[PDB]
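Colleague: Have a look at the structure that comes next, please.
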Amino acid sequence: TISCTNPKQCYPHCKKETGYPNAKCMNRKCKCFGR
């Protein structure tokens with residue numbers, strides 16, 4: 001798990017991890033659109 005206080009961080013990180021950049025972020029959490 002990574003630490004992201006904003007979606008702009010999991011946006012690009014997931015844009016390559018799973019290809020889907022659409023990723024949300026929560027209290028020190030990340031919910032991509034297809035983990």
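Numbers run from 1 along the shown chain.
The backbone N, Cα and C atoms fix where each Cβ goes, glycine too.
According to Swiss-Prot, the protein carries these features:
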DISULFID  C4-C25  disulfide bond
DISULFID  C10-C30  disulfide bond
DISULFID  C14-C32  disulfide bond
SITE      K24  site 'Basic residue of the functional dyad'
SITE      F33  site 'Aromatic residue of the functional dyad'
Colleague: According to DSSP, does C10 (disulfide bond) sit in a helix, a strand, or coil?
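Modeller: It is helical.
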Colleague: Within 10 Å of the Cβ of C32 (disulfide bond), how many other Cβ atoms can be counted across all chains shown?
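Modeller: 20, counting other Cβ atoms within 10 Å of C32 (disulfide bond).
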Colleague: With every protein chain in view, how many other Cβ atoms are within 10 Å of the Cβ of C30 (disulfide bond)?
Modeller: 19
Colleague: Near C14 (disulfide bond), meaning Cα within 10 Å, which of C4, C25, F33 (recorded positions)?
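Modeller: Within 10 Å of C14 (disulfide bond): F33.
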Colleague: What does the structure give for the C-alpha distance between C10 (disulfide bond) and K24 (site 'Basic residue of the functional dyad')? Integer Å is fine.
Modeller: 7
Colleague: For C4 (disulfide bond), which residues in the same chain are close in space, meaning a Cβ under 8 Å from its Cβ, but six or more apart along the sequence?
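Modeller: Those within reach of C4 (disulfide bond), by Cβ under 8 Å and sequence separation of 6 or more, are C10, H13, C25, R28, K29, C30.
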Colleague: Who sits close to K24 (site 'Basic residue of the functional dyad'): which same-chain residues at least 6 apart have their Cβ under 8 Å from its Cβ?
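Modeller: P7, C10, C30, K31, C32 - these are the non-local Cβ neighbours of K24 (site 'Basic residue of the functional dyad'), listed in sequence order.
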Colleague: So for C10 (disulfide bond), how many other CB atoms are inside 10 Å of its CB?
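Modeller: Taking every protein chain into account, the count is 23.
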Colleague: Helix, strand or coil by DSSP: which one applies to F33 (site 'Aromatic residue of the functional dyad')?
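Modeller: Note: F33 (site 'Aromatic residue of the functional dyad') is coil by DSSP, not helix or strand.
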